[PDB]
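Engineer: Dropping a structure here in structure tokens format, bear with me for questions.
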Amino acid sequence: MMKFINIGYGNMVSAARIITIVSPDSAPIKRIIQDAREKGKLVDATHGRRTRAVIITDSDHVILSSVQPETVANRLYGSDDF
Amino acid sequence: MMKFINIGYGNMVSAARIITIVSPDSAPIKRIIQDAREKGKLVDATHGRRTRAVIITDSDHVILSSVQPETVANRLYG
Amino acid sequence: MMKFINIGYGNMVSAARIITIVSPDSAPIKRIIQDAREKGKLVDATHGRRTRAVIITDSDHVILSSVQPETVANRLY
Amino acid sequence: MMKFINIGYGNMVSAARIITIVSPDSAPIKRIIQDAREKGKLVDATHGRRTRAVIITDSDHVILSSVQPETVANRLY
Amino acid sequence: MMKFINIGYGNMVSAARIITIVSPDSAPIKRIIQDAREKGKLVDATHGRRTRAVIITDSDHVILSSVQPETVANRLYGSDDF
Amino acid sequence: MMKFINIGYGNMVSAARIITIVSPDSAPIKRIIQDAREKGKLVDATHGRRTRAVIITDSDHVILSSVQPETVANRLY
Amino acid sequence: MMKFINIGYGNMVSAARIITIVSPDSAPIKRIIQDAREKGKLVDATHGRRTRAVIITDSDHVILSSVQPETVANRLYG
Amino acid sequence: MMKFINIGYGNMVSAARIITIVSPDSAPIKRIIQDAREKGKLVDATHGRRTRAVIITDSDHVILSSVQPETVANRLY
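Chains as they are written, first to last, in PDB author numbering: chain A, 2 to 83; chain D, 2 to 79; chain C, 2 to 78; chain B, 2 to 78; chain A', 2 to 83; chain B', 2 to 78; chain D', 2 to 79; chain C', 2 to 78. A prime marks a further copy of an entry chain.
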């Protein structure tokens, strides 16, 4: 198992700190993103590409990834695939 | 045991962070959902399909899932 | 050991998050239930059936079960 | 080792969440009970019988048991 | 190792929750006792006997024991002696 | 596995306290840096060189490293 | 490894609860002691003898010991 | 692995409580030192010798060491 997960373009997240990884489509997750953007808890790791996963950490940080949600989770074991 | 659980579509939840997984059929759980919506703690992972399970995590996040609660808990092992 | 306990009708609780499971038979736990209801911390998982166990979690959530307390704790295995 | 201890009549307490288990025979503990009662943090698991143990958990819940402290702690196994 | 320690007359304390066990003689510990007595965090487990150890737990509870401090600690392994 | 990671020039970070390590190339991260600077929570470990990684720890400390994120995470071993 | 450490006389400290053990020879540590005294977080286990070590635990308790810091840390193993 | 690290002159820190060990060479860490001094969170363990490492603990304590950061982390073993 990987302690740090690559969420795209070299950016890393500690697996032990993730609560949930989800699609950005719905309105509750978009409110969460905007609240984080406003409280300075948002991390944008998409490197300009399109957001495909929103990672919520236990410290109310919100991390935007260009990698799809389950691919992020799969990377806990080293590949995009499980 | 999996540490991340697919709760429907590609949405993942860390199993260690779950307090309870329940059906949304009662007034108290509905109050919990509305409260989480209003405070920016709701996560909706149903992709529009009907809510079958409500997952309460430990940071007071509430996650709506389209999968039955018992099916969510079995995915801990596969 | 089961990490999630079935508390009736497919509703699940994480065993590690339980503080106490008790009968709903006393004034203090009923004050705990009504407080949870007013504060939006109550979870009713009885599926319309008697409350036979009150589960208090470490987040001040209060979960009503149709299964009796010792039965809940025995389903840990 | 049990994760859940039967504190009498099928009422369960999580052993890891217990701070101390004491007899209810002193003024400081009785104030702890009264405070818990007023704050909605008291749980009464004595099923109508005399209190022989007061269990303090880490969430400042206070749980009354009809079983003496030593017997509560011995049921960990 | 004992998970619950007998601090005298059947009263039990969880070993994992103790921060410190100390003699009651000095003025800083007596202030701690009186503050706990006033905030309802004091537990008197001496069963009327003389206080010989003050146990401080991680939740700011203060527990008075009739057993001497190192005897309390020794009881982590089952006897008054190590 | 190392408990402490060298983030450059002999500066050490505890691997278990890291939440995320990211590049400093986006507006949201730069605000995180500026907030940390104003709050006395910023640590600058770049020894005078360009920032290539921003490490967020669980105590909301923010630590600037002259080493890219992937290289920081790879030094766990 | 011991989980309880004799810090002098019969006074015990849980090793897992210690943040740091230092000599009291500097102004900052003295401020920490006075602050703990005033807030009811000081524990004095020196039995009057001179303070050789200051033990900062994780609930902001400060414990004065009559034993040298390094001697306190070796008693973790004996 | 050593549970306590000697940071110079017998002063000890618990390795599990360290967030980061860094050189005192930048404006942000000096703001962290002075804030700790004003708030009563500073611990000076240099024994009157140069500060060569600043150790930030998870309780917002700040510990000044005469030993260089990488040396502190190497004494973990």
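Heads up, the beta-carbon is just placed ideally off N, CA and C, and yes, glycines get one too.
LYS31/A' versus chain B: which residues are under 7 Å apart at the beta carbon?
Structural biologist: Under the 7 Å cutoff, chain B gives no residues; its nearest Cβ is about 15 Å from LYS31/A'.
Engineer: Any idea if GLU39/A is buried or exposed, counting beta-carbon neighbours within 10 angstroms, 16 or more meaning buried?
Structural biologist: exposed
Engineer: Can you check whether the CB of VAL44/A is closer than 8 Å to the CB of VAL44/D?
Structural biologist: no
Engineer: So with CB distances below 7 Å, who are the chain A' contacts of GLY41/D'?
Structural biologist: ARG32, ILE33 and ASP36, listed in chain order.
Engineer: Mind listing the chain F neighbours of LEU77/A? Cutoff is C-beta to C-beta under 8 Å, in chain order.
Structural biologist: No chain F is part of this structure, whose protein chains are labelled A, D, C, B, A', B', D' and C'.
Engineer: Which ranges does the beta strand (DSSP E) cover as unbroken runs of at least 3 residues, wholly within the segment 15-69 of chain B, from first to last along the chain?
Structural biologist: 19-23, 43-45, 54-58 and 63-66
Engineer: Out of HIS62/A, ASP61/A, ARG53/A and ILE57/A, which one is the CA nearest neighbour of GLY9/A?
Structural biologist: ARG53/A
Engineer: So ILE64/B' contacts chain C'; which residues on that side make the cut at Cβ distance below 7 Å?
Structural biologist: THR21
Engineer: Report back the beta-carbon spacing between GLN69/B' and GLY11/A to the nearest angstrom; my notes put them in contact at under 8 Å.
Structural biologist: 6 Å
Engineer: In angstroms, rounded to a whole number, what distance separates the CA positions of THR72/D' and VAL63/C'?
Structural biologist: About 23 Å.
Engineer: Would you call the CB atoms of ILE6/B' and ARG76/B' closer than 8 Å?
Structural biologist: yes
Engineer: Can you tell me which of the three DSSP states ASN75/D falls into?
Structural biologist: helix
Engineer: Any idea which residues DSSP pairs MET13/B' with across the strands?
Structural biologist: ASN7/B' and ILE22/C'
Engineer: Below 8 Å on the Cβ atoms is my contact criterion, and I expect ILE20/C' with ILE57/C' to pass it. Report the Cβ-Cβ distance as a whole number of Å.
Structural biologist: 5 Å
Engineer: Taking 8 Å as the threshold (C-beta atoms), are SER15/C and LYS31/C in contact?
Structural biologist: no
Engineer: Based on Cα-Cα distance, which residue from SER67/B, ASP26/B, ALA46/B and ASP36/B lies nearest to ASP26/C?
Structural biologist: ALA46/B
Engineer: Using a C-beta to C-beta distance shorter than 7 Å, which residues of chain C count as neighbours of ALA74/D?
Structural biologist: Going along chain C in sequence order, the residues near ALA74/D (Cβ under 7 Å) are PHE5 and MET13.
Engineer: Kindly indicate if chain A contains any beta-carbon less than 8 Å away from that of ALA46/B'.
Structural biologist: no
Engineer: By how many angstroms is the C-alpha of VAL55/D' removed from the C-alpha of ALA28/D'?
Structural biologist: 13 Å
Engineer: If you measure between the beta carbons of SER60/C and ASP59/D, is that distance less than 8 Å?
Structural biologist: It is a contact, given that the beta carbons lie within the stated cut-off.
Engineer: Count the other CB atoms, across all protein chains shown, that sit within 10 Å of the CB of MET2/D; report buried if there are 16 or more and exposed otherwise.
Structural biologist: By the neighbour-count rule (16 or more Cβ atoms within 10 Å), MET2/D is not buried but exposed.
Engineer: For the candidate residues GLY41/A, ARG18/A and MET13/A, whose alpha-carbon lies nearest to that of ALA37/B'?
Structural biologist: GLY41/A
Engineer: Assuming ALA74/A' contacts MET13/D' (C-beta within less than 8 Å), just tell me the rounded distance between them.
Structural biologist: 4 Å
Engineer: In chain D', which residues lie with their C-beta within 9 Å of the C-beta of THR52/C'?
Structural biologist: Those within 9 Å of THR52/C' in chain D' number zero; the least Cβ separation is about 12 Å.
Engineer: List the residues of chain A' that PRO70/B touches, going by C-beta distances under 7 Å, in chain order.
Structural biologist: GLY11, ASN12 and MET13
Engineer: Which residues of chain C have a Cβ atom closer than 7 Å to the Cβ of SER27/D, listed in chain order?
Structural biologist: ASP45
Engineer: So, does the CB of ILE57/C fall closer than 8 Å to a CB anywhere in chain B?
Structural biologist: yes
Engineer: Return yes when at least one heavy atom of the ligand ADP lies under 7 Å from the C-beta of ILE22/C, else no.
Structural biologist: This structure does not include the ligand ADP; it has no bound ligands of any sort.
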